[PDB]
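Presented as structure tokens, the chain that follows is alone, the form deposited in one PDB entry.
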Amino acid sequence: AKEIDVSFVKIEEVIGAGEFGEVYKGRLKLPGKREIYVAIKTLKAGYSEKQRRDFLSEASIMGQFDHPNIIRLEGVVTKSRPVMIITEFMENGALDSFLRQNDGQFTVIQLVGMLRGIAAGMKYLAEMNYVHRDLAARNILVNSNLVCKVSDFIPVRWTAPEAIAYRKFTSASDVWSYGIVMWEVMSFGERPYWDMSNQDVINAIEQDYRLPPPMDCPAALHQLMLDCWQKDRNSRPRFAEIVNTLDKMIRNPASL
């Protein structure tokens, strides 16, 4: 939680209207250092002091993390009003919109690279005993060189059955979500289970329906989704094995 002077920040265009408030693109120029682009998250106007505390405890959480695939926290503005959270800028926005606007324009190996980055960052999070519970493509950001970073610090079709039937949230149920993200990525942003209702998804998962391979999806990658969707949460691979599996595919591209 490093303290940033508001005068080192210029606020440019809006780039979203989040839960808590708006997100702006801006410029950060600290003394003696090269200017970088940043994302500036604000709290909705009129926020209460308890809403401020909640907001600033979100930042304390993101400041614990230092991983190439987790969104970097640059600092906070707390000495002046309004409060702001400064994070690193991701030029290409959320992964789901990004694939949807670039349908077919990335090779299989580039998509496995992004899936590998997401896994590495999920592994880091699991290793520090944080459960995300909202892992979806819309919560993954993409920078200018296609590096994917986990942000967002119940969506039924992304959630493991034991998190849709008994409120048990573990890294193992994050892995189920990761599988869904894999399907979203390989289909260039198709909606999981399409127009099925939330309850149709629940009933179909319970009778062992699983998503089919995306078009032109390697069998090996669809097998890894299927492993992520094992009914028993302990038969699912852990993020360590998912990273190692995808590293071996990137290296043995025949695997694909």
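We call the rigid core whatever largest set of C-alpha positions still superposes within 1.5 Å between the two forms. One-based numbering along the sequence shown.
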query: Residue 47 unmodelled in at least a third of other compared entries; finding: yes
query: Other entries lacking residue 18, at least a third; finding: yes
query: Missing from the model but present in the deposited sequence, between residue 153 and residue 154; finding: 10 or more
query: Segment of higher mean CA temperature factor, 170-178 or 97-105; finding: 97-105
query: 120-128 versus 76-84 - greater average Cα B-factor per the deposited record; finding: 76-84
query: Peak C-alpha temperature factor (PDB record), options 222, 191, 33, 67; finding: 33
query: Third of the chain's Cα B-factor distribution that residue 236 belongs to, per the entry; finding: lowest
query: Residue 202, C-alpha B-factor rank within chain (lowest, middle or highest third); finding: middle
query: Chain thirds of CA B-factor: placement of residue 91; finding: highest
query: Residue 210 CA temperature factor, ranked by third within the chain; finding: lowest
query: Third assignment of residue 164 from its chain's C-alpha B-factors; finding: highest
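Keep in mind the form deposited in another entry is missing from the figure; the text below concerns it.
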item	value
Rigid-core-referenced C-alpha movement of 2 Å or more between this form and the one not shown, selected from 163, 83, 120, 111	83
Threshold 2 Å Cα movement between this form and the one not shown for residue 200, core superposed	no
Per-residue C-alpha change between this form and the one not shown, residue 31, threshold 2 Å, rigid core fit	yes
Residue 6 C-alpha moves between this form and the one not shown by 2 Å or more, core aligned	yes
